[PDB]
Each structure stands twice: as C-alpha cells, then as structure tokens.
Amino acid sequence: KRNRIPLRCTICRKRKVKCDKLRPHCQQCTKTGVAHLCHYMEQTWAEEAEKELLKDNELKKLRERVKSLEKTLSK
Amino acid sequence: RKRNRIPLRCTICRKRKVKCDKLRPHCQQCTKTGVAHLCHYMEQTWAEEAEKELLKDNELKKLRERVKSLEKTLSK
DNA sequence: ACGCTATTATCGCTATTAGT
DNA sequence: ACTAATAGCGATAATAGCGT
Ligand SMILES: [Zn+2]
Ligand SMILES: [Zn+2]
Ligand SMILES: [Zn+2]
Ligand SMILES: [Zn+2]
Ligand SMILES: [Zn+2]
C-alpha cells in the first residue's frame with residue numbers, strides 16, 4: 001500500500017501512451033492539438049518545491065506590477 | 001539535534017530518499033522523472049533557508065496588500 | 001484507444017556520520 | 001557511548017508504454 005502519483009501528464013496517461021514529461025506541456029499533447037489542457041499531478045515530495053515556485057513567481061510579478069500601478073497613479 | 005550539514009543531493013532527491021548524481025544545473029534523477037524545474041541544491045543551512053523564506057513570505061503578504069490597495073484607489 | 005506486460009518509484013528498514 | 005540526523009537500498013506496488 002504505497003502512494004505513487006503518475007509522472008505522466010494526466011491527458012496522455014489516459015491515452016495509455018508515452019509521455020515526454022516536457023513542461024509546461026508535453027510534446028505529445030502539443031501534437032494532438034491540446035497543449036494547454038496538459039498538466040501534471042502534484043507529487044507529495046515536490047511540495048515545498050512547488051510552493052516556493054509559486055511564491056517566487058508572484059513576488060516577481062507583484063513587484064513589476066506595483067511599479068506600473070504607481071506610474072498610472074500619476075493621474 | 002543541531003544540523004550543520006549542507007546536503008549534496010538535490011532537495012527533491014532527499015525528499016524522495018534516492019541517489020543524486022549531483023549534476024548541475026539539475027540532477028538527472030529529477031530530469032528523468034520530469035521535475036527538473038524543481039531541482040535545487042542547498043547553498044545554506046536549513047535554519048538559514050527557513051529564516052530567508054520567512055522574510056520572503058512577509059514581503060509577499062505586504063506587497064500583495066500594497067498592490068491591492070493601489071488597485072482599489074484606481075476606481076477613477 | 002486499450003488489454004496486457006515491462007519498467008519504475010515508494011518507504012520500511014539497514015547502515016553511516018556526527019551532536020552532545 | 002548513545003542516538004538524532006542523514007543517506008539510500010531494494011522488494012514489490014503500481015504506473016508506463018507497446019502495438020493495433
Ligand atoms: Zn503527456
Ligand atoms: Zn498552457
Ligand atoms: Zn500532456
Ligand atoms: Zn537529485
Ligand atoms: Zn534533482
């Protein structure tokens with residue numbers, strides 16, 4: 001009774017095919033016209049990793065945004 | 001109880017309890033399982049990375065709240 | 001696009017380093 | 001010495017991928 005989460009994107013895991021786990025979307029989906037419906041299930045061991053990947057990306061965006069917002073604010 | 005050792009196996013490998021070929025920028029274990037954008041090697045102690053992340057956290061909360069406030073102001 | 005087999009990854013458990 | 005902290009193997013559970 002182990003906990004294994006698919007490493008293939010959920011689309012072409014359903015297709016029971018070979019997933020080139022490319023990110024954000026595997027070539028296999030990109031080719032069958034569904035690039036952006038391609039996503040990978042969350043692993044328990046990539047928790048911290050994934051949460052910091054989000055924190056990182058947000059501080060970055062939030063930073064460049066405060067700038068633009070406050071130049072706008074110049075009425 | 002004190003931890004002064006900075007691991008040589010990427011963090012994902014530690015988490016996954018496996019062997020890291022310790023290559024850069026990302027170990028091959030991660031590349032094979034497809035989670036390379038998540039591979040990272042500790043450059044600091046756990047307690048140092050923890051504090052560092054805590055402060056990053058606070059900046060996030062204030063920046064988001066500052067962005068929101070500046071967003072509301074913009075009604076007209 | 002799917003039954004079936006091949007190949008892989010989870011986690012208890014064994015083993016090694018080092019704090020006190 | 002005693003044991004937490006750390007590293008990692010390996011049997012086996014469970015997913016990966018083939019060919020159609
Ligand atoms: Zn795929
Ligand atoms: Zn997309
Ligand atoms: Zn896909
Ligand atoms: Zn690794
Ligand atoms: Zn790695």
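So that the names make sense, note that chain A is the first sequence line, chain B the second, and so on, each numbered from 1.
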Expressed as a whole number of Å, how far does the [atom1] atom of [N] sit from that of [M]?
| N | M | atom1 | answer |
| --- | --- | --- | --- |
| D:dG10 | D:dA14 | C1' | 15 Å |
| C:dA15 | C:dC11 | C1' | 16 Å |
| D:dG8 | C:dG19 | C1' | 22 Å |

Flag side-chain contact, heavy atom, 4.5 Å: [X] against [Y]:
| X | Y | value |
| --- | --- | --- |
| B:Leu55 | B:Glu51 | yes |
| A:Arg65 | B:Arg66 | no |
| A:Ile11 | A:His39 | no |

Can you check the [X] [atom1] to [N] [atom2] distance for me, whole Å?
| X | N | atom1 | atom2 | result |
| --- | --- | --- | --- | --- |
| B:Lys2 | C:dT20 | NZ | P | 7 Å |
| A:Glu47 | C:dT10 | CD | P | 13 Å |
| A:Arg2 | C:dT10 | CZ | P | 10 Å |
| A:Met41 | C:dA9 | CE | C1' | 16 Å |

*Salt bridge between B:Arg3 and B:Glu48, side-chain N to carboxylate O under 4.0 Å?*
no

*Counting side-chain heavy atoms from CB outward, which of C:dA9, D:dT15, D:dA7 is closest to A:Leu7?*
C:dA9

*For B:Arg1 and A:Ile5, take the nucleotide of DNA chain C holding the closest heavy atom to each; which residue's nucleotide lies nearer the 5' end?*
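With B:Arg1 and A:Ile5 compared, the 5'-side residue is A:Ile5.
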
*Given that B:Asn4 and B:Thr33 both sit by DNA chain C, which one's nearest nucleotide is further toward the 5' end?*
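Taking each residue's closest nucleotide, the earlier one in sequence belongs to B:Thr33.
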
*Check against salt bridge (charged side-chain N to carboxylate O under 4.0 Å, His left out), B:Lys15 and A:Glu48*: CA-CA 10 Å; B:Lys15 224 89 245 288; A:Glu48 309 93 307; 2.7 Å; yes

*Searching all strands shown, indicate the nucleotide that pairs with D:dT20 (Watson-Crick or G-U wobble; both distances under 3.5 Å).*
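Paired with no nucleotide.
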
*Tell which nucleotide pairs with C:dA6, taking only Watson-Crick or G-U wobble pairs whose two distances are both under 3.5 angstrom.*
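Its partner is D:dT15.
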
*In terms of side-chain heavy atoms, does B:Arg5 have a donor or acceptor partner in B:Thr45 at a distance below 3.5 Å?*
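Side chains of B:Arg5 and B:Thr45: no pair found under 3.5 Å.
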
*Closer than 4.0 Å, any side-chain N/O of B:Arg3 to the OP1 or OP2 of D:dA4?*
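The answer is no; no side-chain N or O of B:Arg3 sits under 4.0 Å from OP1 or OP2.
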
*Test: A:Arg8 cationic atom under 6.0 Å from A:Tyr40 six-membered ring centre, within 45° of axis*: no

*Would you indicate what A:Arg8 reaches in the nucleic acid, counting non-hydrogen atoms under 4.0 angstrom: base, sugar-phosphate, or nothing?*
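Base contact.
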
*Would you jot down, in residue-number order, the residues of residues 11-31 of chain A having a non-hydrogen atom under 4.0 Å from DNA chain C?*
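Heavy-atom cutoff 4.0 Å gives A:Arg15, A:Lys16, A:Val17.
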
